[PDB]
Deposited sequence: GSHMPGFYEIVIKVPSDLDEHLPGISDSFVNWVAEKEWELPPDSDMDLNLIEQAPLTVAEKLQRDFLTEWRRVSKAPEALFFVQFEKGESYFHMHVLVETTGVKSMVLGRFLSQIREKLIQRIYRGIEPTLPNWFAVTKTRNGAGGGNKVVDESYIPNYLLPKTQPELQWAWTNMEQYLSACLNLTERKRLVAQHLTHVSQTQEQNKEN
């Protein structure tokens, strides 16, 4: 029943351009990490860029830890999709509204952003233009329902799709399985159609 806020987080992909002044240890940390697909995945690992993924995995993991603390919702539902855009790697973070009133969201997000800078970037802010941004109505903070996910996130394919994470049960297999995403999209649109059909009838 509750909606979701959306935070878009840009992820650096060019060290000198995106992250001027970053530490050597940060560079080594990125280099060291390797990721593998789960056995049930049908994705092509070749199309997935490991270094940006390392940064993204931590950013989402840390954002969520902070969110749980400010929200006081330990079990908050989330869906995060990491994507390769035309200009930037970026992350769509959808998190439920519970525990955070809209009036105070800017202050909380701001606190979270500082924590990410400390933890991920080791005190050096990324040189990305509007890097941590809540989706707004023009206006106030946008809230969207669960339908946003089948409509705008699930349809993505490689290489635009890089990775995804969730705690929402209906999407757990969808995250890294293209065949499953495809099925879910079709299923959602089917429901929508059936609903309109009913409406015309009656």
Relative to the deposited sequence numbered from 1, which residue ranges are unmodelled? 1-3, 142-145
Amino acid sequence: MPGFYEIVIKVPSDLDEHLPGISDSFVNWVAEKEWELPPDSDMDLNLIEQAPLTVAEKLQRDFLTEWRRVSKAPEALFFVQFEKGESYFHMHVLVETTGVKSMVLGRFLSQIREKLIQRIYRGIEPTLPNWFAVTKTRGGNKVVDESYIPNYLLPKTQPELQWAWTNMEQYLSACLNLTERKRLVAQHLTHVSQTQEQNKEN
From here on, numbers count along this sequence of modelled residues.
Quick one: say whether 190-198 or 15-23 has the higher mean Cα B-factor in the deposited entry. 190-198
Decide which of the stretches 171-179 and 57-65 has the higher mean C-alpha B-factor, going by the entry. 171-179
Of 126, 106, 123, 74, which one's C-alpha B factor is largest in the deposited record? 74
Sort the modelled residues of this chain by their C-alpha B factor and say whether residue 140 lands in the lowest, middle or highest third. highest
Where does the C-alpha B-factor of residue 28 rank in its chain, lowest, middle or highest third? middle
Among the chain's modelled residues, which third holds the C-alpha B-factor of residue 148? middle
Using only modelled residues of the chain, where does the Cα B factor of residue 38 rank: lowest third, middle third or highest third? highest
Would you mind ranking residue 118 by its C-alpha B-factor against the rest of the chain and naming the third, lowest, middle or highest? lowest
